[PDB]
Amino acid sequence: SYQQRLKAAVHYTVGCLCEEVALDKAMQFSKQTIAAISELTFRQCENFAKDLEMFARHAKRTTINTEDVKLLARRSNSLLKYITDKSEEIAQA
Amino acid sequence: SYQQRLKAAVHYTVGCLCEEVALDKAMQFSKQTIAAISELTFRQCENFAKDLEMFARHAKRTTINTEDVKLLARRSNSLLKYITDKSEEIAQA
Amino acid sequence: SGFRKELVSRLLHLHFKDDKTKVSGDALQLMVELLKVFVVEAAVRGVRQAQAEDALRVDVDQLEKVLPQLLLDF
Amino acid sequence: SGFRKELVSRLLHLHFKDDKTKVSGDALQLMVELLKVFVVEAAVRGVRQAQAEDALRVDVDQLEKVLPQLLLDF
């Protein structure tokens, strides 16, 4: 089904990211942990999407832009330094 | 000092609110718990203020308005039903 | 019972990054109400936790268990 | 390594309240990067927790302890 496929795609990417961390940190993740992180990530997209949409509407836009995403990424000041430094290089095209 | 006085004012109001809950629920709060809630509340104001200011600037305003506050109160859908129902009665003047 | 507008105004202004930032009177009233909700939710959740563990009162141990989700909800 | 733009687009569109809502290409790229950060932070924090409790691997128990603060940070 539609959402099963999306979750599988997430789970694959999460597995790959966790593998990279595991390889780097020399610490294994259980299969259950990887699945939980995939599920967490799928659910977190629900919150990101609603917030983004509200931030856009807040500025009277129906199309979500980079300012909406940077507002989203405000949470941590270290999260903020990344989003502002990663909006420039993509915007180097 | 300035912030000591603000914290005392918070602590007084928090005490009064906790007393009302204690009286209603028939369950006492320790003095330490009341103080922790006051401190939590003082610290939470830091986060509310920064978010409000960013939400206003997001809409290109330097003055925080009710839409900023309602955006802030989005968090929970039950928190949302309150902020939208409590913006009307104040706005019944 | 609740917070005075002047108190909430001063708390917020403590933290603004720009001295130009101001708060509308109506927004200030909504913030007064939102802070009340926050504090009452902390208290009520603490009481629920205490009830659940059959504690004699809400002490800090009980409060701490409810805080992560409280903050997520605000 | 990371998320494909098309995947992230579909995940977000699953959840929009209004069918009119769209996402810019540049915003989509920033979201791809933000989701990577989220997942890597979950993993790395989990590893830190496991290290701290001298566990043999990151299992769900370890992960659960780091989740409340992770979500607060995002």
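Residues numbered from 1 in each chain as written, not as in the entry; some residues may be left out. Chains lettered and ligands numbered in written order. Heavy atoms only, no water. Residues with missing side-chain atoms left out of burial classes, pairs and counts.

- Chain C appears in the PDB entry as Centromere protein X from Homo sapiens.
- Listed in the archive, the entry goes by the title "Human MHF1-MHF2 complex".
- Looking at chain C in UniProt, the text filed under Sequence similarities is "Belongs to the CENP-X/MHF2 family." (UniProt positions renumbered as here; feature names shortened; annotations may be inferred.)

- In the nomenclature of the PDB entry, chain A corresponds to Centromere protein S from the organism Homo sapiens.

### Focus: the interface of chain A and chain D
Here is step 1 of the chain: With 51 residues of chain A in contact, the opposing surface of chain D contributes 48 residues.
Here is step 2 of the chain: Secondary-structure elements contributing two or more residues to the side of chain A that touches chain D are α1 (2-25), α2 (31-58), β1 (63-64), α3 (66-72) and α4 (77-90) of chain A.
Here is step 3 of the chain: Looking at which element gives the most residues to the side of chain A that touches chain D, the answer is α2 of chain A, with 17 residues.
Here is step 4 of the chain: For the side of chain A that touches chain D, the residue count by class is 28 nonpolar, 14 polar and nine charged.
Here is step 5 of the chain: With two bridges connecting them, β1 of chain A and strand β1 (residues 22-23) of chain D associate as parallel partners. Across the sheet, residue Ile64 of chain A finds its bridge partner in β1 of chain D, namely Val23 of chain D. (Contact = heavy atoms within 4.5 Å. Helix = DSSP H or I, 4+ residues; strand = E, 2+ residues; numbered from the N terminus. Nonpolar A, V, L, I, M, F, W, Y, C, P; charged D, E, K, R; others polar. Pairing = 2+ DSSP bridges.)

### A closer look at the packing of aromatic side chains
Two numbers describe a pair of aromatic rings. These are the distance of the centres and the angle of the planes.
Here is step 1 of the chain: Per the stated rule, a full pass over the model turns up five aromatic pairs over all chains.
Here is step 2 of the chain: On the basis of an interplanar angle of 85° and a centroid distance of 6.3 Å, the ring pair of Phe48 of chain A and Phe38 of chain D is categorised as edge-to-face. Separated into two different chains, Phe48 of chain A in helix α2 and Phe38 of chain D in helix α2 (residues 25-52) make up a pair that spans both.
Here is step 3 of the chain: Residue classification places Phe48 of chain A among the buried positions, given a relative accessible area of 3%.
Here is step 4 of the chain: Look at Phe38 of chain D and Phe74 of chain D: their rings are 5.2 Å apart centre to centre, the planes differ by 90°, and that puts the pair in the edge-to-face class. Of this pair, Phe38 of chain D sits in helix α2 while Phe74 of chain D sits in the segment after α3 (60-73); the two residues are 36 residues apart in sequence, bridging distant segments of the chain.
Here is step 5 of the chain: By relative accessible area, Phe38 of chain D is classed as buried at 0%.
Here is step 6 of the chain: Each member of the aromatic cluster is reached from another via a ring pair, and the members are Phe48 of chain A together with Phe38 and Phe74 of chain D. (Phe/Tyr/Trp six-rings, centres within 6.5 Å; stacked < 30°, edge-to-face > 60°. Buried < 20%, exposed > 50% of the residue type's maximum accessible area, 1.4 Å probe, protein only.)

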